[PDB]
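Student: First the structure, then my questions, so here it is.
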Amino acid sequence: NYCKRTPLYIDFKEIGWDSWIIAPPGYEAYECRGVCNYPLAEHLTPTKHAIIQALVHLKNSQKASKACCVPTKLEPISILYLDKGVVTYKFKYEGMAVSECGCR
Amino acid sequence: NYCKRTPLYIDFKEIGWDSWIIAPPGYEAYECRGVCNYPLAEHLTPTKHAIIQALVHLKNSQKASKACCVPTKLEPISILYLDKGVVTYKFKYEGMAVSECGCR
Amino acid sequence: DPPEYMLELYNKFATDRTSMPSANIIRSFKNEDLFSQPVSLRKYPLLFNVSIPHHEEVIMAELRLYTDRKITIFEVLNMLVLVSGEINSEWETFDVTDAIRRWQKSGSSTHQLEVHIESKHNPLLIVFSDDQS
Amino acid sequence: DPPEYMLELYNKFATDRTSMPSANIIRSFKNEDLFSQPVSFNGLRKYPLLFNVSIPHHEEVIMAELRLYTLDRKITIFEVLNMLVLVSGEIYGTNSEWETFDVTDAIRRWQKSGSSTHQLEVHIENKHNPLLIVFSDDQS
Ligand SMILES: *[C@@H]1O[C@H](CO)[C@@H](O)[C@H](O)[C@H]1NC(C)=O
Ligand SMILES: *[C@@H]1O[C@H](CO)[C@@H](O)[C@H](O)[C@H]1NC(C)=O
């Protein structure tokens with residue numbers, strides 16, 4: 001119901017990504033489930049457009065769509081994979097795991 | 001159907017924001033309507049986490065929620081308003097209008 | 001109540017897309033009235049509630065006054081001579097950028113100044129500041 | 001088939017929070033030849049190596065080393081352009097099985113010369129196939 005850091009463990013064997021991703025077998029990427037309702041809290045890192053869009057949808061839901069609960073900050077993780085057939089280890093594969101959720 | 005720059009003109013008098021915002025009367029903030037379905041297109045500036053979430057929702061919609069169409073880049077606009085009772089002009093009030101949409 | 005100067009700068013930078021303000025944030029401050037204008041050489045005092053965030057840098061700041069005269073303005077700390085110049089133009093500007101730079105360190109404070117002319121349209125202060133965040 | 005060295009680097013930098021890799025991208029390259037071991041006079045055994053290296057030019061190579069499998073000799077490595085000596089050193093005893101050799105300066109010149117399949121020769125005065133490790137940090 002609320003825009004929160006809902007847990008979401010992932011396993012690459014389920015999505016067939018074991019072809020290129022050597023390790024790890026999985027990780028806790030989490031997700032941002034919930035909805036964004038006006039007024040938007042400052043702890044959800046809202047935007048100037050998100051504040052206006054929430055007010056417009058409050059007046060007329062058909063005029064504008066709702067703000068959405070989406071990740072705002074994404075932490076990196078160390079992975080080992082094959083990049084074009086080359087065994088590559090990236091200690092900081094940025095954009096994988098979520099650390100902060102919010103509305104946009 | 002696609003995460004695109006759907007038009008969305010705004011007027012502050014409709015939301016009573018004419019109290020502090022002196023000018024302009026309104027502007028074209030636009031909006032990001034549509035849905036994000038795997039595979040995600042490169043024109044939607046996806047993230048590593050957004051690609052994974054789409055695969056999980058494709059496999060099991062109950063495991064994880066779907067990616068969302070949210071603004072990714074926001075251009076500034078020149079406004080004149082009252083900041084705590086002080087006539088303030090901001091030539092670049094960043095975050096108001098959308099220039100690029102995408103999935104997160 | 002919108003100041004005429006703040007409305008004019010908005011339209012100017014909106015119509016002419018070749019020019020931009022010297023700073024992103026342009027603030028307008030108003031004088032505290034005391035209905036006094038002694039004549040001899042007319043002089044009159046002013047007071048302003050200035051609160052400039054320390055996380056900003058003051059690029060330029062000018063004082064707009066409504067009017068050959070010898071306009072010399074002071075600042076009440078003793079008395080501190082700010083600027084002296086030469087002067088029928090209705091308005092006139094006088095750079096007080098260095099004064100606001102010291103007031104930016106002092107915090108939100110009600111500063112008072114004095115204008116001496118040797119020889120509604122309320123005088124206002126304009127502050128051009130650029131954010132650093 | 002995951003190289004054991006690449007598996008160790010993953011686990012080490014996750015377990016030990018005091019140390020981090022010198023570079024973000026650590027690439028592993030494999031030898032192409034697998035059937036050569038000529039012997040000559042004075043026990044001078046030699047064998048060649050070949051690697052398909054493609055390092056993006058928008059990266060800077062922090063470190064690059066060659067991993068060789070052994071069982072008191074002078075291991076000297078060359079590069080075939082008639083042979084270009086890269087690095088030469090000494091090994092002690094027959095107890096240690098593996099060894100590393102810095103070839104960072106060699107890979108830096110190959111980055112300017114462009115991506116090419118280079119060949120090397122080692123002179124010692126499923127298998128443990130030698131591999132090449134490249135530590136490069138992205139600038140983008
Ligand atoms: C005037 O300055 C004082 C400084 O203490 C401040 O508290 C007050 O809010 C200012 N006036 C206005 C209208 O902001
Ligand atoms: C191996 O090298 C050749 C050129 O010598 C190149 O075309 C090929 O792409 C390389 N192998 C891989 C997997 O990139």
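Ordered as shown in the structure tokens, chains take letters A, B, and onward, while each chain numbers its residues from 1 and ligands are numbered from 1 in the order shown.
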Set the distance at 10 Å and use only C-alpha atoms: which residues neighbour residue A:41 once local chain neighbours fewer than 6 positions away are removed? I'd like the list as an mmCIF file with N, CA, C and O atoms, in the first residue's frame.

Tutor:
data_model
loop_
_atom_site.group_PDB
_atom_site.id
_atom_site.type_symbol
_atom_site.label_atom_id
_atom_site.label_comp_id
_atom_site.auth_asym_id
_atom_site.auth_seq_id
_atom_site.Cartn_x
_atom_site.Cartn_y
_atom_site.Cartn_z
ATOM 1 N N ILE A 51 5.067 16.078 -7.775
ATOM 2 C CA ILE A 51 4.150 16.773 -6.877
ATOM 3 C C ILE A 51 2.971 17.337 -7.659
ATOM 4 O O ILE A 51 1.818 17.256 -7.218
ATOM 5 N N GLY A 102 11.364 5.621 -4.148
ATOM 6 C CA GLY A 102 10.772 6.945 -4.185
ATOM 7 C C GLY A 102 9.769 7.066 -5.309
ATOM 8 O O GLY A 102 9.466 6.101 -6.017
ATOM 9 N N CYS A 103 9.249 8.282 -5.456
ATOM 10 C CA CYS A 103 8.246 8.598 -6.459
ATOM 11 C C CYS A 103 8.815 9.563 -7.491
ATOM 12 O O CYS A 103 9.643 10.421 -7.174
#

Student: Set the distance at 8 Å and use only C-alpha atoms: which residues neighbour residue A:95 once local chain neighbours fewer than 3 positions away are removed? I'd like the list as a list in words.

Tutor: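 Those residues are residues 74, 75, 76 and 98 of chain A; 47, 48 and 49 of chain B.
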
Student: Let's have chain B fitted on chain A; use all the C-alpha atoms paired in order for the least-squares step and return it as a CSV table (one decimal) with N, CA and C atoms, in the first residue's frame.

Tutor:
chain,number,residue,atom,x,y,z
B,1,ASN,N,1.1,-0.6,0.6
B,1,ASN,CA,0.3,0.6,0.6
B,1,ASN,C,1.2,1.8,0.4
B,2,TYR,N,2.4,1.8,1.0
B,2,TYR,CA,3.4,2.9,0.9
B,2,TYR,C,4.5,2.4,0.0
B,3,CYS,N,5.1,3.4,-0.7
B,3,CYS,CA,6.3,3.1,-1.5
B,3,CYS,C,7.4,2.8,-0.6
B,4,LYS,N,7.7,1.5,-0.5
B,4,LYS,CA,8.7,1.0,0.5
B,4,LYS,C,9.6,-0.1,-0.1
B,5,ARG,N,10.6,-0.4,0.6
B,5,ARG,CA,11.6,-1.4,0.1
B,5,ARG,C,11.1,-2.8,0.4
B,6,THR,N,10.2,-3.3,-0.4
B,6,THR,CA,9.7,-4.7,-0.2
B,6,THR,C,10.7,-5.7,-0.7
B,7,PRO,N,11.0,-6.7,0.0
B,7,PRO,CA,12.0,-7.7,-0.4
B,7,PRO,C,11.7,-8.4,-1.7
B,8,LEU,N,12.8,-8.7,-2.4
B,8,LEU,CA,12.7,-9.4,-3.7
B,8,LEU,C,14.1,-10.1,-4.0
B,9,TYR,N,14.2,-11.3,-3.5
B,9,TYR,CA,15.4,-12.1,-3.9
B,9,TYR,C,15.3,-12.6,-5.3
B,10,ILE,N,16.5,-12.7,-6.0
B,10,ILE,CA,16.5,-13.1,-7.4
B,10,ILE,C,17.5,-14.3,-7.5
B,11,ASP,N,17.2,-15.1,-8.5
B,11,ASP,CA,18.1,-16.2,-8.8
B,11,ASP,C,18.2,-16.3,-10.3
B,12,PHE,N,19.5,-16.2,-10.9
B,12,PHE,CA,19.7,-16.2,-12.3
B,12,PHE,C,19.4,-17.5,-13.0
B,13,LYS,N,19.4,-18.6,-12.2
B,13,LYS,CA,19.1,-19.9,-12.8
B,13,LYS,C,17.6,-20.0,-13.2
B,14,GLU,N,16.8,-19.3,-12.5
B,14,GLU,CA,15.3,-19.3,-12.8
B,14,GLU,C,15.1,-18.6,-14.2
B,15,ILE,N,15.9,-17.6,-14.5
B,15,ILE,CA,15.7,-16.8,-15.8
B,15,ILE,C,16.8,-17.2,-16.8
B,16,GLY,N,17.5,-18.3,-16.6
B,16,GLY,CA,18.5,-18.8,-17.5
B,16,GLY,C,19.7,-17.9,-17.7
B,17,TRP,N,19.9,-16.9,-16.8
B,17,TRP,CA,21.0,-16.1,-16.9
B,17,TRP,C,22.3,-16.7,-16.4
B,18,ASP,N,22.3,-18.0,-15.9
B,18,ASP,CA,23.5,-18.7,-15.6
B,18,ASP,C,24.4,-19.0,-16.8
B,19,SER,N,23.9,-18.7,-18.0
B,19,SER,CA,24.6,-18.9,-19.2
B,19,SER,C,25.9,-18.0,-19.2
B,20,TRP,N,25.7,-16.7,-19.0
B,20,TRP,CA,26.8,-15.8,-19.0
B,20,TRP,C,27.2,-15.4,-17.6
B,21,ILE,N,26.3,-15.2,-16.7
B,21,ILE,CA,26.7,-14.9,-15.3
B,21,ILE,C,27.2,-16.1,-14.6
B,22,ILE,N,28.5,-16.2,-14.4
B,22,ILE,CA,29.1,-17.3,-13.7
B,22,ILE,C,28.7,-17.3,-12.2
B,23,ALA,N,28.9,-16.2,-11.6
B,23,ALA,CA,28.7,-16.0,-10.1
B,23,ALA,C,28.3,-14.5,-9.9
B,24,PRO,N,27.4,-14.3,-8.9
B,24,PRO,CA,26.8,-15.2,-7.9
B,24,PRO,C,25.6,-15.9,-8.5
B,25,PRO,N,25.2,-17.0,-7.7
B,25,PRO,CA,23.9,-17.6,-8.1
B,25,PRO,C,22.7,-16.7,-8.0
B,26,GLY,N,22.8,-15.7,-7.1
B,26,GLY,CA,21.6,-14.8,-6.9
B,26,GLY,C,22.0,-13.8,-5.9
B,27,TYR,N,21.1,-12.8,-5.8
B,27,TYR,CA,21.3,-11.7,-4.8
B,27,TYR,C,19.9,-11.1,-4.5
B,28,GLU,N,19.9,-10.2,-3.5
B,28,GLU,CA,18.7,-9.6,-3.0
B,28,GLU,C,18.6,-8.2,-3.6
B,29,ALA,N,17.9,-8.1,-4.8
B,29,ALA,CA,17.7,-6.8,-5.5
B,29,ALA,C,16.7,-5.9,-4.8
B,30,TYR,N,15.7,-6.5,-4.0
B,30,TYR,CA,14.6,-5.8,-3.4
B,30,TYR,C,13.7,-5.3,-4.5
B,31,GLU,N,12.6,-4.6,-4.1
B,31,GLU,CA,11.7,-4.0,-5.0
B,31,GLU,C,11.0,-2.8,-4.3
B,32,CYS,N,10.3,-2.0,-5.1
B,32,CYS,CA,9.6,-0.8,-4.6
B,32,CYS,C,8.1,-1.0,-4.9
B,33,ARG,N,7.4,-1.6,-4.0
B,33,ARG,CA,6.0,-1.8,-4.1
B,33,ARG,C,5.3,-0.7,-3.3
B,34,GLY,N,4.0,-0.4,-3.7
B,34,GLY,CA,3.2,0.6,-3.1
B,34,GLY,C,2.7,1.5,-4.2
B,35,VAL,N,2.1,2.6,-3.7
B,35,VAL,CA,1.5,3.7,-4.6
B,35,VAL,C,1.9,5.0,-4.1
B,36,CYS,N,1.9,6.0,-4.9
B,36,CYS,CA,2.2,7.4,-4.6
B,36,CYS,C,1.0,8.3,-4.7
B,37,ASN,N,0.5,8.7,-3.5
B,37,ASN,CA,-0.7,9.6,-3.4
B,37,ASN,C,-0.3,10.9,-2.8
B,38,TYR,N,-0.9,12.0,-3.4
B,38,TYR,CA,-0.7,13.3,-2.8
B,38,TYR,C,-1.4,13.4,-1.5
B,39,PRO,N,-0.7,14.1,-0.5
B,39,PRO,CA,0.6,14.7,-0.6
B,39,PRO,C,1.8,13.7,-0.6
B,40,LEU,N,2.8,13.9,-1.3
B,40,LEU,CA,4.0,13.0,-1.4
B,40,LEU,C,4.9,13.3,-0.2
B,41,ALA,N,5.3,12.2,0.4
B,41,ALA,CA,6.2,12.3,1.6
B,41,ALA,C,7.6,12.6,1.2
B,42,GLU,N,8.4,13.3,2.1
B,42,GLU,CA,9.8,13.6,1.8
B,42,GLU,C,10.7,12.4,1.9
B,43,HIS,N,10.2,11.3,2.5
B,43,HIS,CA,11.0,10.1,2.5
B,43,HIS,C,11.0,9.3,1.2
B,44,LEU,N,10.2,9.8,0.2
B,44,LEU,CA,10.1,9.2,-1.1
B,44,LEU,C,10.9,10.0,-2.2
B,45,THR,N,11.8,10.9,-1.8
B,45,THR,CA,12.6,11.8,-2.7
B,45,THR,C,11.8,12.2,-3.9
B,46,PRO,N,10.7,13.0,-3.7
B,46,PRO,CA,9.9,13.4,-4.9
B,46,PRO,C,10.6,14.5,-5.7
B,47,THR,N,10.0,14.8,-6.9
B,47,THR,CA,10.5,15.8,-7.8
B,47,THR,C,9.4,16.9,-7.9
B,48,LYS,N,9.9,18.0,-8.5
B,48,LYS,CA,8.9,19.1,-8.8
B,48,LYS,C,7.8,18.7,-9.7
B,49,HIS,N,8.1,17.8,-10.7
B,49,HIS,CA,7.1,17.3,-11.6
B,49,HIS,C,6.2,16.3,-10.9
B,50,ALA,N,6.8,15.4,-10.1
B,50,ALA,CA,6.1,14.4,-9.4
B,50,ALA,C,5.0,15.0,-8.4
B,51,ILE,N,5.4,16.2,-7.8
B,51,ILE,CA,4.4,16.8,-6.9
B,51,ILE,C,3.3,17.4,-7.7
B,52,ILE,N,3.5,18.0,-8.9
B,52,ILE,CA,2.5,18.6,-9.7
B,52,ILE,C,1.6,17.5,-10.3
B,53,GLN,N,2.1,16.4,-10.7
B,53,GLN,CA,1.3,15.3,-11.3
B,53,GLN,C,0.4,14.7,-10.3
B,54,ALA,N,0.8,14.6,-9.0
B,54,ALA,CA,-0.1,14.1,-8.0
B,54,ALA,C,-1.2,15.0,-7.7
B,55,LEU,N,-1.0,16.3,-7.8
B,55,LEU,CA,-2.1,17.3,-7.6
B,55,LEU,C,-3.1,17.2,-8.8
B,56,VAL,N,-2.6,17.0,-10.0
B,56,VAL,CA,-3.5,17.0,-11.1
B,56,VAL,C,-4.4,15.7,-11.1
B,57,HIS,N,-3.7,14.6,-10.8
B,57,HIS,CA,-4.5,13.3,-10.7
B,57,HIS,C,-5.4,13.4,-9.5
B,58,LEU,N,-5.1,14.1,-8.4
B,58,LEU,CA,-6.0,14.2,-7.3
B,58,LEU,C,-7.3,15.0,-7.8
B,59,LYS,N,-7.0,16.1,-8.5
B,59,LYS,CA,-8.1,16.9,-9.0
B,59,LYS,C,-8.9,16.1,-10.1
B,60,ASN,N,-8.3,15.7,-11.1
B,60,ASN,CA,-8.9,14.9,-12.2
B,60,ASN,C,-8.0,13.8,-12.6
B,61,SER,N,-8.5,12.6,-12.2
B,61,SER,CA,-7.7,11.4,-12.6
B,61,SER,C,-7.6,11.2,-14.1
B,62,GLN,N,-8.6,11.7,-14.8
B,62,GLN,CA,-8.5,11.6,-16.3
B,62,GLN,C,-7.6,12.5,-16.9
B,63,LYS,N,-7.3,13.7,-16.3
B,63,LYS,CA,-6.3,14.6,-16.8
B,63,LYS,C,-4.9,14.1,-16.9
B,64,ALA,N,-4.4,13.5,-15.8
B,64,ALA,CA,-3.1,13.0,-15.8
B,64,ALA,C,-3.0,11.7,-15.0
B,65,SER,N,-2.1,10.9,-15.3
B,65,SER,CA,-1.9,9.6,-14.5
B,65,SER,C,-1.3,9.9,-13.2
B,66,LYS,N,-1.2,8.8,-12.3
B,66,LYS,CA,-0.7,9.0,-11.0
B,66,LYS,C,0.8,8.7,-11.0
B,67,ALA,N,1.5,9.3,-10.0
B,67,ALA,CA,2.9,9.0,-9.8
B,67,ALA,C,3.1,7.5,-9.5
B,68,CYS,N,4.4,7.1,-9.7
B,68,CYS,CA,4.7,5.7,-9.6
B,68,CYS,C,5.8,5.4,-8.6
B,69,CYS,N,5.8,4.3,-7.9
B,69,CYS,CA,6.8,3.9,-7.0
B,69,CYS,C,7.9,3.1,-7.7
B,70,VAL,N,9.1,3.8,-7.9
B,70,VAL,CA,10.2,3.3,-8.7
B,70,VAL,C,11.5,3.4,-7.9
B,71,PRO,N,12.5,2.6,-8.1
B,71,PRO,CA,13.8,2.8,-7.4
B,71,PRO,C,14.4,4.1,-7.8
B,72,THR,N,15.0,4.7,-6.8
B,72,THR,CA,15.7,6.0,-7.0
B,72,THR,C,17.2,5.9,-6.9
B,73,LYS,N,17.7,5.1,-6.0
B,73,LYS,CA,19.1,4.8,-5.8
B,73,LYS,C,19.4,3.3,-5.9
B,74,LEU,N,20.4,2.9,-6.7
B,74,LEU,CA,20.7,1.6,-6.9
B,74,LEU,C,22.2,1.3,-6.6
B,75,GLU,N,22.4,0.4,-5.7
B,75,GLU,CA,23.8,0.1,-5.2
B,75,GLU,C,24.4,-1.0,-6.2
B,76,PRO,N,25.7,-1.0,-6.2
B,76,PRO,CA,26.4,-2.0,-7.1
B,76,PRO,C,26.7,-3.3,-6.3
B,77,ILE,N,27.0,-4.3,-7.1
B,77,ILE,CA,27.4,-5.7,-6.6
B,77,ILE,C,28.5,-6.2,-7.4
B,78,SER,N,29.3,-7.1,-6.8
B,78,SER,CA,30.4,-7.8,-7.5
B,78,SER,C,29.9,-9.0,-8.2
B,79,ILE,N,30.2,-9.1,-9.5
B,79,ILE,CA,29.7,-10.2,-10.3
B,79,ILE,C,30.9,-10.7,-11.2
B,80,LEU,N,30.8,-12.0,-11.6
B,80,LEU,CA,31.7,-12.6,-12.5
B,80,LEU,C,30.9,-13.2,-13.7
B,81,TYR,N,31.2,-12.8,-14.9
B,81,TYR,CA,30.4,-13.1,-16.1
B,81,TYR,C,31.3,-13.2,-17.3
B,82,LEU,N,30.6,-13.5,-18.4
B,82,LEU,CA,31.3,-13.5,-19.8
B,82,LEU,C,30.8,-12.3,-20.5
B,83,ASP,N,31.7,-11.4,-20.9
B,83,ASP,CA,31.3,-10.2,-21.7
B,83,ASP,C,31.8,-10.5,-23.1
B,84,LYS,N,30.9,-10.9,-24.0
B,84,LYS,CA,31.2,-11.3,-25.4
B,84,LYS,C,32.3,-12.4,-25.4
B,85,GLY,N,32.1,-13.4,-24.5
B,85,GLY,CA,33.0,-14.5,-24.4
B,85,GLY,C,34.3,-14.3,-23.6
B,86,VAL,N,34.4,-13.2,-22.9
B,86,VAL,CA,35.5,-12.8,-22.1
B,86,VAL,C,35.2,-12.9,-20.7
B,87,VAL,N,35.9,-13.7,-19.9
B,87,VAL,CA,35.7,-13.8,-18.4
B,87,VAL,C,36.0,-12.4,-17.8
B,88,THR,N,35.0,-11.7,-17.3
B,88,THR,CA,35.1,-10.4,-16.8
B,88,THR,C,34.5,-10.4,-15.4
B,89,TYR,N,35.3,-9.8,-14.5
B,89,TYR,CA,34.9,-9.6,-13.1
B,89,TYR,C,34.6,-8.1,-12.8
B,90,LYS,N,33.4,-7.7,-12.4
B,90,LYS,CA,33.1,-6.3,-12.1
B,90,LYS,C,32.8,-6.3,-10.6
B,91,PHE,N,33.7,-5.7,-9.9
B,91,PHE,CA,33.5,-5.5,-8.4
B,91,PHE,C,32.3,-4.7,-8.1
B,92,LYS,N,32.0,-3.7,-9.0
B,92,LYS,CA,30.9,-2.8,-8.8
B,92,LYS,C,30.0,-2.8,-10.1
B,93,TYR,N,29.1,-3.7,-10.2
B,93,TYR,CA,28.2,-3.7,-11.3
B,93,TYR,C,27.0,-2.9,-10.8
B,94,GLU,N,27.1,-1.6,-11.2
B,94,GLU,CA,26.1,-0.6,-10.7
B,94,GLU,C,24.7,-0.8,-11.3
B,95,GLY,N,23.7,-0.5,-10.5
B,95,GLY,CA,22.3,-0.6,-10.9
B,95,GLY,C,21.6,-1.9,-10.7
B,96,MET,N,22.2,-2.8,-9.9
B,96,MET,CA,21.6,-4.1,-9.7
B,96,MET,C,20.6,-4.1,-8.6
B,97,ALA,N,21.0,-3.8,-7.4
B,97,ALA,CA,20.2,-3.9,-6.2
B,97,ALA,C,19.7,-2.5,-5.8
B,98,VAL,N,18.5,-2.4,-5.2
B,98,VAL,CA,17.9,-1.1,-4.8
B,98,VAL,C,18.2,-0.9,-3.4
B,99,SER,N,18.6,0.4,-3.1
B,99,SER,CA,18.8,0.8,-1.7
B,99,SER,C,17.8,1.9,-1.3
B,100,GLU,N,17.2,2.6,-2.2
B,100,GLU,CA,16.3,3.7,-1.8
B,100,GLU,C,15.2,3.7,-2.9
B,101,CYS,N,13.9,3.7,-2.4
B,101,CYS,CA,12.8,3.8,-3.3
B,101,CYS,C,12.2,5.2,-3.2
B,102,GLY,N,11.3,5.5,-4.2
B,102,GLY,CA,10.7,6.8,-4.2
B,102,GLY,C,9.7,6.9,-5.4
B,103,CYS,N,9.2,8.2,-5.5
B,103,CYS,CA,8.2,8.5,-6.5
B,103,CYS,C,8.8,9.4,-7.5
B,104,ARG,N,8.3,9.3,-8.8
B,104,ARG,CA,8.8,10.2,-9.9
B,104,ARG,C,7.6,10.6,-10.7

Student: What residues have any atom no more than 9 Å from ligand 1 when counting only C-alpha atoms and all ligand atoms, and can you list them as a PyMOL selection string?

Tutor: (chain B and resi 84-86) or (chain C and resi 48-51+107-110)

Student: Show me, as a tab-separated table (two decimals) with N, CA, C and O atoms, in the first residue's frame, the residues that have an atom within 6 Å of stretch 65-81 of chain D when counting only C-alpha atoms, minus same-chain residues fewer than 5 positions from it.

Tutor:
chain	number	residue	atom	x	y	z
D	86	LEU	N	59.88	-9.66	-22.27
D	86	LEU	CA	58.93	-8.90	-21.45
D	86	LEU	C	59.48	-8.77	-20.03
D	86	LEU	O	59.90	-7.69	-19.61
D	87	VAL	N	59.48	-9.87	-19.29
D	87	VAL	CA	59.96	-9.90	-17.91
D	87	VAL	C	60.72	-11.19	-17.68
D	87	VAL	O	60.38	-12.25	-18.23
D	88	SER	N	61.77	-11.11	-16.86
D	88	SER	CA	62.56	-12.27	-16.48
D	88	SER	C	62.78	-12.27	-14.98
D	88	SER	O	63.06	-11.23	-14.39
D	89	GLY	N	62.66	-13.45	-14.37
D	89	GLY	CA	62.85	-13.59	-12.94
D	89	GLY	C	63.40	-14.94	-12.55
D	89	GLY	O	63.97	-15.65	-13.39
D	90	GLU	N	63.25	-15.31	-11.29
D	90	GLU	CA	63.72	-16.60	-10.78
D	90	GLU	C	62.64	-17.25	-9.94
D	90	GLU	O	61.85	-16.58	-9.27
D	91	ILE	N	62.60	-18.58	-10.00
D	91	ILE	CA	61.70	-19.39	-9.18
D	91	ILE	C	62.56	-20.25	-8.26
D	91	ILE	O	63.71	-20.58	-8.58
D	92	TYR	N	61.99	-20.61	-7.11
D	92	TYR	CA	62.72	-21.33	-6.07
D	92	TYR	C	61.99	-22.63	-5.73
D	92	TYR	O	60.79	-22.60	-5.41
D	93	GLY	N	62.70	-23.74	-5.81
D	93	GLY	CA	62.16	-25.03	-5.42
D	93	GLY	C	61.10	-25.58	-6.34
D	93	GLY	O	60.65	-24.90	-7.27
D	94	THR	N	60.68	-26.82	-6.09
D	94	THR	CA	59.63	-27.47	-6.86
D	94	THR	C	58.33	-27.59	-6.08
D	94	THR	O	57.42	-28.30	-6.50
D	97	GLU	N	53.37	-24.41	-6.92
D	97	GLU	CA	52.79	-24.87	-8.18
D	97	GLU	C	52.50	-23.73	-9.16
D	97	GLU	O	52.69	-23.90	-10.37
D	98	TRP	N	52.04	-22.59	-8.67
D	98	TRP	CA	51.68	-21.45	-9.51
D	98	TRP	C	52.66	-20.30	-9.32
D	98	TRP	O	53.46	-20.27	-8.38
D	99	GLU	N	52.57	-19.33	-10.23
D	99	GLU	CA	53.42	-18.15	-10.19
D	99	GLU	C	52.79	-17.06	-11.05
D	99	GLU	O	52.10	-17.34	-12.03
D	100	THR	N	53.04	-15.81	-10.66
D	100	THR	CA	52.53	-14.65	-11.36
D	100	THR	C	53.69	-13.83	-11.92
D	100	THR	O	54.80	-13.85	-11.38
D	101	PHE	N	53.43	-13.13	-13.03
D	101	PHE	CA	54.45	-12.31	-13.68
D	101	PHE	C	53.81	-11.06	-14.25
D	101	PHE	O	52.89	-11.15	-15.06
D	102	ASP	N	54.30	-9.90	-13.83
D	102	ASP	CA	53.72	-8.63	-14.26
D	102	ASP	C	54.01	-8.39	-15.74
D	102	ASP	O	55.17	-8.41	-16.17
D	103	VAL	N	52.95	-8.15	-16.51
D	103	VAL	CA	53.09	-7.83	-17.93
D	103	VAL	C	52.27	-6.57	-18.23
D	103	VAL	O	51.78	-6.39	-19.35
D	119	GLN	N	51.45	-13.42	-29.40
D	119	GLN	CA	52.06	-14.71	-29.09
D	119	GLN	C	53.30	-14.49	-28.24
D	119	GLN	O	54.07	-13.56	-28.48
D	120	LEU	N	53.49	-15.36	-27.25
D	120	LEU	CA	54.60	-15.27	-26.32
D	120	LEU	C	55.31	-16.61	-26.24
D	120	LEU	O	54.81	-17.64	-26.70
D	121	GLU	N	56.50	-16.60	-25.64
D	121	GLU	CA	57.29	-17.80	-25.42
D	121	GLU	C	57.91	-17.74	-24.04
D	121	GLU	O	58.43	-16.70	-23.62
D	122	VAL	N	57.85	-18.86	-23.32
D	122	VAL	CA	58.37	-18.97	-21.96
D	122	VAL	C	59.58	-19.89	-21.99
D	122	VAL	O	59.53	-20.98	-22.57
D	123	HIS	N	60.67	-19.44	-21.36
D	123	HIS	CA	61.90	-20.21	-21.28
D	123	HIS	C	62.22	-20.49	-19.82
D	123	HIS	O	62.34	-19.56	-19.02
D	124	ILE	N	62.35	-21.77	-19.48
D	124	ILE	CA	62.65	-22.21	-18.12
D	124	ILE	C	64.00	-22.91	-18.16
D	124	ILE	O	64.15	-23.96	-18.79
D	125	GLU	N	64.99	-22.33	-17.48
D	125	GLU	CA	66.34	-22.88	-17.50
D	125	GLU	C	66.43	-24.10	-16.59
D	125	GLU	O	67.37	-24.89	-16.68
D	130	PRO	N	47.68	-22.13	-18.56
D	130	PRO	CA	48.00	-20.76	-18.16
D	130	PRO	C	46.98	-19.76	-18.70
D	130	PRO	O	46.42	-19.94	-19.79
D	131	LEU	N	46.74	-18.71	-17.92
D	131	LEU	CA	45.77	-17.69	-18.28
D	131	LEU	C	46.36	-16.31	-17.99
D	131	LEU	O	47.34	-16.18	-17.25
D	132	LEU	N	45.74	-15.29	-18.58
D	132	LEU	CA	46.17	-13.91	-18.43
D	132	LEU	C	45.08	-13.12	-17.73
D	132	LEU	O	43.90	-13.23	-18.07
D	133	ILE	N	45.48	-12.30	-16.75
D	133	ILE	CA	44.55	-11.51	-15.94
D	133	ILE	C	44.86	-10.04	-16.18
D	133	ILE	O	46.02	-9.62	-16.11

Student: When you draw a straight line from atom CA of residue D:58 to atom CA of residue D:5, how long is it in Å?

Tutor: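 Atom-to-atom, atom CA of residue D:58 and atom CA of residue D:5 are spaced 25.6 Å apart.
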
Student: Residues within 6 Å of ligand 2 should be enumerated using only C-alpha atoms and all ligand atoms and returned as a PDB file with N, CA and C atoms, in the first residue's frame.

Tutor:
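And here's result.pdb as it stands now:
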ATOM      1  N   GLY A  85      32.316 -13.587 -24.393  1.00  0.00           N
ATOM      2  CA  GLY A  85      33.136 -14.774 -24.280  1.00  0.00           C
ATOM      3  C   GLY A  85      34.398 -14.615 -23.464  1.00  0.00           C
TER       4      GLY A  85
ATOM      5  N   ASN D  52      44.045 -13.969 -27.134  1.00  0.00           N
ATOM      6  CA  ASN D  52      43.158 -13.098 -27.908  1.00  0.00           C
ATOM      7  C   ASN D  52      42.707 -11.975 -26.979  1.00  0.00           C
ATOM      8  N   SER D 116      44.878  -7.394 -31.093  1.00  0.00           N
ATOM      9  CA  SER D 116      45.533  -8.362 -31.961  1.00  0.00           C
ATOM     10  C   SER D 116      45.858  -9.602 -31.142  1.00  0.00           C
ATOM     11  N   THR D 117      45.891 -10.750 -31.813  1.00  0.00           N
ATOM     12  CA  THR D 117      46.226 -12.012 -31.156  1.00  0.00           C
ATOM     13  C   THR D 117      47.743 -12.102 -31.050  1.00  0.00           C
TER      14      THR D 117
END

Student: Please extract the residues of stretch 14-138 of chain D with a backbone DSSP assignment of strand (DSSP E or B) and present them as a ChimeraX atom specification.

Tutor: /D:25-30,39,45-53,59-69,75-80,83-88,98-102,116-124,131-138
